[PDB]
>>> print(open('entry.cif').read())   # mmCIF, C-alpha atoms
data_start
#
loop_
_atom_site.label_atom_id
_atom_site.label_comp_id
_atom_site.auth_asym_id
_atom_site.auth_seq_id
_atom_site.Cartn_x
_atom_site.Cartn_y
_atom_site.Cartn_z
CA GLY A 116 115.57 77.98 88.00
CA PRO A 117 117.35 80.52 90.30
CA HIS A 118 117.93 84.09 88.98
CA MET A 119 121.27 85.53 87.70
CA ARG A 120 123.06 86.69 90.92
CA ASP A 121 126.63 86.93 92.27
CA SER A 122 128.15 86.33 95.67
CA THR A 123 128.48 89.84 97.27
CA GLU A 124 125.97 91.12 94.69
CA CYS A 125 125.80 94.87 94.58
CA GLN A 126 123.18 96.16 92.06
CA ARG A 127 120.14 98.49 92.21
CA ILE A 128 117.32 98.02 89.66
CA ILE A 129 114.40 100.48 89.35
CA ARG A 130 110.95 98.93 88.65
CA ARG A 131 108.22 101.56 87.80
CA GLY A 132 109.84 104.04 90.25
CA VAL A 133 110.62 101.54 93.12
CA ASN A 134 114.40 101.37 93.87
CA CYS A 135 115.18 97.64 94.52
CA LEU A 136 118.59 96.65 96.03
CA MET A 137 119.59 93.12 94.86
CA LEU A 138 120.67 90.53 97.46
CA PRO A 139 123.29 87.82 96.57
CA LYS A 140 122.65 84.21 95.45
CA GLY A 141 122.66 82.45 98.88
CA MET A 142 120.41 84.88 100.89
CA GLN A 143 117.18 83.26 102.17
CA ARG A 144 115.51 86.72 101.56
CA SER A 145 116.50 86.42 97.83
CA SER A 146 115.41 82.71 97.72
CA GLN A 147 111.95 83.45 99.27
CA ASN A 148 111.34 86.46 96.92
CA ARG A 149 108.95 85.72 93.97
CA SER A 150 108.65 89.08 92.08
CA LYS A 151 108.57 89.68 88.26
CA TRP A 152 106.43 90.83 85.35
CA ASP A 153 103.38 88.52 84.86
CA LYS A 154 101.89 88.23 81.30
CA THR A 155 98.66 86.80 82.79
CA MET A 156 97.91 90.32 84.22
CA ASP A 157 100.25 92.41 81.94
CA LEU A 158 101.74 94.09 85.10
CA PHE A 159 104.50 93.81 87.78
CA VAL A 160 104.04 91.60 90.91
CA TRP A 161 105.74 91.40 94.32
CA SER A 162 106.23 89.08 97.22
CA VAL A 163 105.84 91.11 100.47
CA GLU A 164 106.54 90.50 104.20
CA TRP A 165 103.64 91.24 106.66
CA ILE A 166 104.07 91.59 110.46
CA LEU A 167 101.02 91.75 112.81
CA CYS A 168 101.94 93.46 116.14
CA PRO A 169 99.76 92.52 119.24
CA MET A 170 98.31 94.79 122.00
CA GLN A 171 100.81 95.07 124.88
CA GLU A 172 100.76 96.94 128.20
CA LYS A 173 103.74 99.11 129.41
CA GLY A 174 105.25 96.16 131.43
CA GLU A 175 103.94 93.04 129.57
CA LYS A 176 105.09 92.90 125.88
CA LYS A 177 103.60 90.29 123.43
CA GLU A 178 105.06 88.48 120.38
CA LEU A 179 104.68 89.25 116.63
CA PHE A 180 102.99 87.13 113.92
CA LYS A 181 104.81 87.09 110.50
CA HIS A 182 103.52 86.05 107.04
CA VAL A 183 105.03 86.41 103.52
CA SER A 184 102.36 86.81 100.79
CA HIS A 185 102.99 86.37 97.06
CA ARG A 186 102.18 87.58 93.46
CA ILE A 187 100.71 90.92 94.70
CA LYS A 188 100.01 93.37 91.81
CA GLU A 189 101.55 96.87 91.51
CA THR A 190 97.83 97.88 91.13
CA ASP A 191 96.68 96.03 94.29
CA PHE A 192 95.74 97.58 97.62
CA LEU A 193 97.25 96.12 100.82
CA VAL A 194 93.94 94.35 101.76
CA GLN A 195 94.03 92.51 98.34
CA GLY A 196 97.71 91.51 98.76
CA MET A 197 97.63 90.43 102.45
CA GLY A 198 95.89 87.04 101.98
CA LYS A 199 92.70 85.86 103.79
CA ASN A 200 95.02 84.23 106.40
CA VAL A 201 96.60 87.64 107.37
CA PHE A 202 93.14 89.30 107.34
CA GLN A 203 91.67 86.54 109.60
CA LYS A 204 94.74 86.70 111.93
CA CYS A 205 94.31 90.48 112.31
CA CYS A 206 90.61 89.84 113.17
CA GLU A 207 91.77 87.36 115.92
CA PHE A 208 94.68 89.53 117.24
CA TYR A 209 92.55 92.62 117.96
CA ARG A 210 89.06 90.93 117.97
CA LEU A 211 87.66 92.86 115.02
CA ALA A 212 84.16 92.07 113.59
CA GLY A 213 82.92 91.84 109.97
CA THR A 214 80.49 94.18 108.10
CA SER A 215 78.96 94.74 104.59
CA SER A 216 78.34 97.64 102.09
CA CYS A 217 77.77 98.39 98.34
CA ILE A 218 75.42 95.33 98.10
CA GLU A 219 73.08 97.73 96.17
CA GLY A 220 75.21 97.29 92.98
CA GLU A 221 78.74 95.76 93.38
CA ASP A 222 80.29 92.21 93.45
CA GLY A 223 84.08 92.93 93.66
CA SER A 224 84.47 96.48 95.10
CA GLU A 225 82.04 95.55 97.95
CA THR A 226 84.49 92.87 99.24
CA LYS A 227 87.63 94.98 98.48
CA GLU A 228 86.14 97.57 100.86
CA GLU A 229 84.74 94.87 103.28
CA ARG A 230 88.39 94.15 104.30
CA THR A 231 89.52 97.81 104.47
CA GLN A 232 86.47 98.72 106.61
CA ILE A 233 87.64 96.35 109.44
CA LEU A 234 91.03 98.14 109.57
CA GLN A 235 89.69 101.73 109.46
CA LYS A 236 86.87 100.97 112.00
CA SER A 237 89.35 99.30 114.42
CA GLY A 238 91.75 102.23 113.84
CA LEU A 239 94.67 99.92 112.87
CA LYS A 240 97.69 101.64 111.21
CA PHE A 241 100.05 100.33 108.53
CA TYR A 242 103.78 101.09 108.15
CA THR A 243 106.64 100.14 105.74
CA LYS A 244 110.49 100.08 105.68
CA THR A 245 112.06 103.17 104.01
CA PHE A 246 115.63 103.68 102.75
CA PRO A 247 117.28 106.86 101.28
CA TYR A 248 116.41 108.18 97.77
CA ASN A 249 120.10 108.16 96.62
CA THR A 250 120.95 104.61 97.95
CA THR A 251 122.83 102.44 95.38
CA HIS A 252 124.26 99.68 97.67
CA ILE A 253 122.62 97.27 100.17
CA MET A 254 122.21 98.43 103.82
CA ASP A 255 120.12 97.62 106.97
CA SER A 256 118.44 100.52 108.90
CA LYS A 257 115.48 100.70 111.34
CA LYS A 258 113.29 103.37 109.63
CA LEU A 259 109.48 103.05 109.20
CA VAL A 260 106.79 105.32 107.62
CA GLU A 261 102.97 105.41 108.14
CA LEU A 262 100.82 105.04 104.96
CA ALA A 263 97.16 105.35 103.87
CA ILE A 264 96.06 101.89 102.72
CA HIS A 265 92.41 103.11 102.40
CA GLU A 266 93.44 105.81 99.79
CA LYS A 267 96.81 104.64 98.22
CA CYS A 268 97.76 101.46 96.33
CA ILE A 269 100.98 99.48 96.77
CA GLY A 270 102.59 100.75 93.51
CA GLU A 271 102.29 104.48 94.42
CA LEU A 272 103.42 103.73 98.02
CA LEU A 273 106.67 102.12 96.76
CA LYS A 274 107.14 104.66 93.84
CA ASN A 275 108.73 107.19 96.23
CA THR A 276 110.90 104.58 98.12
CA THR A 277 114.01 102.44 98.28
CA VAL A 278 113.78 98.80 99.50
CA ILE A 279 116.15 95.77 99.61
CA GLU A 280 115.04 92.71 97.53
CA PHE A 281 111.29 92.59 98.53
CA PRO A 282 109.24 95.08 100.69
CA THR A 283 108.01 94.78 104.33
CA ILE A 284 104.72 95.96 106.00
CA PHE A 285 104.17 96.38 109.79
CA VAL A 286 100.58 96.37 111.18
CA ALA A 287 99.88 97.95 114.62
CA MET A 288 97.46 100.11 116.70
CA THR A 289 100.33 102.55 117.67
CA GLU A 290 104.09 103.15 117.56
CA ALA A 291 103.98 101.91 121.20
CA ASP A 292 102.79 98.49 119.88
CA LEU A 293 105.49 98.38 117.10
CA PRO A 294 108.61 96.13 117.60
CA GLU A 295 111.69 97.40 119.48
CA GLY A 296 114.54 99.30 117.75
CA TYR A 297 112.13 100.28 114.89
CA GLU A 298 110.98 103.94 114.70
CA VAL A 299 108.41 105.80 112.51
CA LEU A 300 109.45 109.03 110.68
CA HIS A 301 107.38 112.26 110.69
CA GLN A 302 107.47 115.40 108.44
CA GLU A 303 110.23 118.02 109.05
#
>>> encode(input="entry.cif", output="structure tokens")
Amino acid sequence: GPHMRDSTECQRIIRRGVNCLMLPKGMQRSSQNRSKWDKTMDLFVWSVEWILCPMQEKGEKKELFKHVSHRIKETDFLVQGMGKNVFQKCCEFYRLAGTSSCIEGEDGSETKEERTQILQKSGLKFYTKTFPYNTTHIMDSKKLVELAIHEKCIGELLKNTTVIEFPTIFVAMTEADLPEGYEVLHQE
């Protein structure tokens, strides 16, 4: 059944260092969120929102592809949360090609890195929504940050952050390919 929520819900829960701002009962963003502890893995899982951003010119802009992907582990890397659909759609958006490694002695790490290789060899960059460290109440703000999906996992990425309900990932070649009104933050 649906989770315990109010109308004009107002709470912040912290889950292994991620600050999570709770949306009210009727929000489609709270309805489409599936995130909990899962006994079957003895860890926390997320639903997450992915946006693939296509290669535009400086006059001709092109339109985004969106996908929400589910039951992604706090231990997972982005390429293991994205879904084969989002991986295959990135391969068709930028015309990336597939490769192989670690065949000398792996059967699970070889294919974890198979996906990540396509993104680092194309030079694709990944970004997420950030909100302030002291935030206790729900807000909307266009603020992105660039992150190292080839070195960092999703749990340590979100451990330093604030997010509303369930987190969002933007995929693009540059800031100049990212959607309008959104901006990426740099160091001081």
>>> closest_atom_pairs(input="entry.cif", of="segment 232-272 of chain A", to="segment 299-302 of chain A", cutoff="8 Å", atoms="only C-alpha atoms", output="Markdown table")
| residue | atom | partner | partner_atom | distance |
| --- | --- | --- | --- | --- |
| A:242 | CA | A:299 | CA | 7.9 |
| A:258 | CA | A:299 | CA | 6.2 |
| A:259 | CA | A:299 | CA | 4.4 |
| A:260 | CA | A:299 | CA | 5.2 |
| A:261 | CA | A:299 | CA | 7.0 |
>>> resolve_selection(input="entry.cif", expression="the PyMOL selection byres ((chain A and resi 145) around 12)", output="PDB file with C-alpha atoms, in the coordinates of the input")
ATOM      1  CA  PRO A 117     117.350  80.520  90.300  1.00  0.00           C
ATOM      2  CA  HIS A 118     117.930  84.090  88.980  1.00  0.00           C
ATOM      3  CA  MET A 119     121.270  85.530  87.700  1.00  0.00           C
ATOM      4  CA  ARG A 120     123.060  86.690  90.920  1.00  0.00           C
ATOM      5  CA  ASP A 121     126.630  86.930  92.270  1.00  0.00           C
ATOM      6  CA  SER A 122     128.150  86.330  95.670  1.00  0.00           C
ATOM      7  CA  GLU A 124     125.970  91.120  94.690  1.00  0.00           C
ATOM      8  CA  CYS A 135     115.180  97.640  94.520  1.00  0.00           C
ATOM      9  CA  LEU A 136     118.590  96.650  96.030  1.00  0.00           C
ATOM     10  CA  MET A 137     119.590  93.120  94.860  1.00  0.00           C
ATOM     11  CA  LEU A 138     120.670  90.530  97.460  1.00  0.00           C
ATOM     12  CA  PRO A 139     123.290  87.820  96.570  1.00  0.00           C
ATOM     13  CA  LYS A 140     122.650  84.210  95.450  1.00  0.00           C
ATOM     14  CA  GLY A 141     122.660  82.450  98.880  1.00  0.00           C
ATOM     15  CA  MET A 142     120.410  84.880 100.890  1.00  0.00           C
ATOM     16  CA  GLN A 143     117.180  83.260 102.170  1.00  0.00           C
ATOM     17  CA  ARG A 144     115.510  86.720 101.560  1.00  0.00           C
ATOM     18  CA  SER A 146     115.410  82.710  97.720  1.00  0.00           C
ATOM     19  CA  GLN A 147     111.950  83.450  99.270  1.00  0.00           C
ATOM     20  CA  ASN A 148     111.340  86.460  96.920  1.00  0.00           C
ATOM     21  CA  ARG A 149     108.950  85.720  93.970  1.00  0.00           C
ATOM     22  CA  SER A 150     108.650  89.080  92.080  1.00  0.00           C
ATOM     23  CA  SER A 162     106.230  89.080  97.220  1.00  0.00           C
ATOM     24  CA  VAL A 163     105.840  91.110 100.470  1.00  0.00           C
ATOM     25  CA  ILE A 279     116.150  95.770  99.610  1.00  0.00           C
ATOM     26  CA  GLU A 280     115.040  92.710  97.530  1.00  0.00           C
ATOM     27  CA  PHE A 281     111.290  92.590  98.530  1.00  0.00           C
ATOM     28  CA  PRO A 282     109.240  95.080 100.690  1.00  0.00           C
TER      29      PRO A 282
END
>>> closest_residue(input="entry.cif", among="A:157, A:191, A:172, A:178", to="residue 270 of chain A", atoms="only C-alpha atoms")
A:191
>>> closest_residue(input="entry.cif", among="A:180, A:186, A:295, A:169", to="residue 156 of chain A", atoms="all atoms listed in the file")
A:186
>>> closest_residue(input="entry.cif", among="A:245, A:250, A:190, A:235", to="residue 285 of chain A", atoms="only C-alpha atoms")
A:245
>>> atom_distance(input="entry.cif", atom1="atom CA of residue 240 of chain A", atom2="atom CA of residue 222 of chain A")
26.6 Å
>>> resolve_selection(input="entry.cif", expression="the PyMOL selection byres ((chain A and resi 256) around 9)", output="count of residues only")
8
>>> closest_residue(input="entry.cif", among="A:251, A:264, A:208, A:274", to="residue 228 of chain A", atoms="only C-alpha atoms")
A:264
>>> resolve_selection(input="entry.cif", expression="the PyMOL selection byres ((chain A and resi 214) around 10)", output="list in words")
residues 212, 213, 215, 216, 226, 228, 229, 230, 232 and 233 of chain A
>>> closest_residue(input="entry.cif", among="A:253, A:269, A:236, A:209", to="residue 160 of chain A", atoms="all atoms listed in the file")
A:269
>>> closest_atom_pairs(input="entry.cif", of="segment 212-246 of chain A", to="segment 287-294 of chain A", cutoff="7 Å", atoms="all atoms listed in the file", output="Markdown table")
| residue | atom | partner | partner_atom | distance |
| --- | --- | --- | --- | --- |
| A:238 | CA | A:288 | CA | 6.7 |
| A:239 | CA | A:288 | CA | 4.7 |
| A:240 | CA | A:287 | CA | 5.5 |
| A:241 | CA | A:287 | CA | 6.5 |
>>> atom_distance(input="entry.cif", atom1="atom CA of residue 152 of chain A", atom2="atom CA of residue 271 of chain A")
16.9 Å
>>> closest_residue(input="entry.cif", among="A:217, A:286, A:278, A:263", to="residue 129 of chain A", atoms="all atoms listed in the file")
A:278
>>> atom_distance(input="entry.cif", atom1="atom CA of residue 130 of chain A", atom2="atom CA of residue 249 of chain A")
15.2 Å
>>> decode(input="entry.cif", residues="segment 264-276 of chain A", atoms="N, CA, C and O atoms", output="PDB file, in the first residue's frame")
ATOM      1  N   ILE A 264      31.708   8.768 -12.275  1.00  0.00           N
ATOM      2  CA  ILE A 264      31.022   7.468 -12.264  1.00  0.00           C
ATOM      3  C   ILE A 264      31.963   6.271 -12.502  1.00  0.00           C
ATOM      4  O   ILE A 264      31.580   5.128 -12.249  1.00  0.00           O
ATOM      5  N   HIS A 265      33.178   6.517 -13.004  1.00  0.00           N
ATOM      6  CA  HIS A 265      34.195   5.491 -13.242  1.00  0.00           C
ATOM      7  C   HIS A 265      35.028   5.200 -11.977  1.00  0.00           C
ATOM      8  O   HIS A 265      35.713   4.178 -11.925  1.00  0.00           O
ATOM      9  N   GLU A 266      34.992   6.081 -10.965  1.00  0.00           N
ATOM     10  CA  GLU A 266      35.698   5.944  -9.677  1.00  0.00           C
ATOM     11  C   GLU A 266      34.777   5.860  -8.436  1.00  0.00           C
ATOM     12  O   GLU A 266      35.101   5.135  -7.487  1.00  0.00           O
ATOM     13  N   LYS A 267      33.627   6.552  -8.432  1.00  0.00           N
ATOM     14  CA  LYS A 267      32.706   6.655  -7.283  1.00  0.00           C
ATOM     15  C   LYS A 267      31.372   5.942  -7.508  1.00  0.00           C
ATOM     16  O   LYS A 267      30.808   5.970  -8.602  1.00  0.00           O
ATOM     17  N   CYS A 268      30.860   5.317  -6.447  1.00  0.00           N
ATOM     18  CA  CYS A 268      29.576   4.633  -6.457  1.00  0.00           C
ATOM     19  C   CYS A 268      28.455   5.578  -6.024  1.00  0.00           C
ATOM     20  O   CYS A 268      28.687   6.662  -5.475  1.00  0.00           O
ATOM     21  N   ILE A 269      27.218   5.156  -6.264  1.00  0.00           N
ATOM     22  CA  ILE A 269      26.057   6.029  -6.054  1.00  0.00           C
ATOM     23  C   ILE A 269      25.866   6.395  -4.574  1.00  0.00           C
ATOM     24  O   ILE A 269      25.435   7.509  -4.276  1.00  0.00           O
ATOM     25  N   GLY A 270      26.246   5.521  -3.633  1.00  0.00           N
ATOM     26  CA  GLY A 270      26.051   5.785  -2.207  1.00  0.00           C
ATOM     27  C   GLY A 270      26.987   6.867  -1.677  1.00  0.00           C
ATOM     28  O   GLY A 270      26.561   7.704  -0.883  1.00  0.00           O
ATOM     29  N   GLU A 271      28.238   6.904  -2.147  1.00  0.00           N
ATOM     30  CA  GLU A 271      29.214   7.929  -1.734  1.00  0.00           C
ATOM     31  C   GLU A 271      29.014   9.258  -2.467  1.00  0.00           C
ATOM     32  O   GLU A 271      29.356  10.309  -1.925  1.00  0.00           O
ATOM     33  N   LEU A 272      28.423   9.221  -3.666  1.00  0.00           N
ATOM     34  CA  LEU A 272      27.986  10.399  -4.410  1.00  0.00           C
ATOM     35  C   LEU A 272      26.885  11.124  -3.626  1.00  0.00           C
ATOM     36  O   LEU A 272      27.015  12.321  -3.358  1.00  0.00           O
ATOM     37  N   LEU A 273      25.860  10.398  -3.164  1.00  0.00           N
ATOM     38  CA  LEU A 273      24.723  11.004  -2.479  1.00  0.00           C
ATOM     39  C   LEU A 273      25.013  11.295  -0.990  1.00  0.00           C
ATOM     40  O   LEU A 273      24.346  12.146  -0.399  1.00  0.00           O
ATOM     41  N   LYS A 274      26.073  10.715  -0.402  1.00  0.00           N
ATOM     42  CA  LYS A 274      26.427  10.839   1.030  1.00  0.00           C
ATOM     43  C   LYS A 274      26.751  12.268   1.461  1.00  0.00           C
ATOM     44  O   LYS A 274      26.549  12.644   2.613  1.00  0.00           O
ATOM     45  N   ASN A 275      27.219  13.070   0.515  1.00  0.00           N
ATOM     46  CA  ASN A 275      27.513  14.495   0.732  1.00  0.00           C
ATOM     47  C   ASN A 275      26.395  15.476   0.294  1.00  0.00           C
ATOM     48  O   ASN A 275      26.624  16.687   0.246  1.00  0.00           O
ATOM     49  N   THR A 276      25.208  14.971  -0.065  1.00  0.00           N
ATOM     50  CA  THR A 276      24.154  15.746  -0.744  1.00  0.00           C
ATOM     51  C   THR A 276      22.835  15.850   0.022  1.00  0.00           C
ATOM     52  O   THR A 276      22.569  15.135   0.995  1.00  0.00           O
TER      53      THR A 276
END
